[PDB]
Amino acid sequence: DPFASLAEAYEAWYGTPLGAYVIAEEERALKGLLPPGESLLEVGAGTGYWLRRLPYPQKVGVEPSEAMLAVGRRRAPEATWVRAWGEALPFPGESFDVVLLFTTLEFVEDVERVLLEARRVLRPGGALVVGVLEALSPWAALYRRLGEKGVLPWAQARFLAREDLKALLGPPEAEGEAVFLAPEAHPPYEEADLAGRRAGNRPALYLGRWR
């Protein structure tokens, strides 16, 4: 478990200027894809960052890391926390309106399997929202380097491009993307961000919604 020792300070970076900007843009992008619904299931809910911020009345978080889970259920108590793996969700078919996978496929053991589970558990016409750190962004460059440099959890991550998702789930009903500036950007961040777009940067976060 690469997250075994990262749980406690996992959100520390969001407090910094750049991190605050990144997390703000990502949430905004995510909100743009979130559909109406009653029940939500986040696979790899980690510290429950999204669980506590999403509005759905019925929220369920699946997290295999004991460390992450310890923090998550503390921070997002209103949700039901289940200790399981994406590859085998302990729920009957067609039980959720929305299933969220935010930068989790980068760490699962079997991507196709996790996606199958997500769709089974998803009810008719259910919305599957997937978010990944676009492999082609300068952020991926940083994380790939940090990974080989032995930094956790990056050393055990796999990187995906929107192309890979579309390859697996087909054409998304809707898309979203955020953070075009680079890791070493200087503020005012909005300038850096618009600049990164114009420079042709792939975004740091790609979001797709499939039914």
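The first residue of the sequence shown is number 1, and the count goes up from there.
>> If you average the CA temperature factors as listed in the entry, which stretch comes out higher, 178 to 186 or 151 to 159?
In response: Mean CA B-factor is higher for 151 to 159.
> Which of the two stretches, 137 to 145 or 116 to 124, shows the higher mean Cα temperature factor in the record?
Replying inline: Looking at the record's C-alpha B-factors, the answer is 116 to 124.
>> For the chain shown, is the CA B-factor of residue 26 in the lowest, middle or highest third of its modelled residues?
In response: According to the entry, residue 26 has a C-alpha B-factor in the chain's lowest third.
> So where's residue 64 on the chain's Cα temperature factor ranking, which third?
Replying inline: Middle third, going by the recorded CA B-factors of the chain.
> residue 70: which third of its chain by C-alpha temperature factor?
Replying inline: For residue 70, whose C-alpha B-factor we compare with every modelled residue in the chain, the answer is the middle third.
> C-alpha B factor of residue 7, ranked within the chain: lowest, middle or highest third?
Replying inline: Answer is highest: the recorded C-alpha B-factor places it there.
> Lowest, middle or highest third of the chain for the C-alpha temperature factor of residue 100?
Replying inline: For residue 100, the deposited C-alpha B-factor lands in the lowest third.
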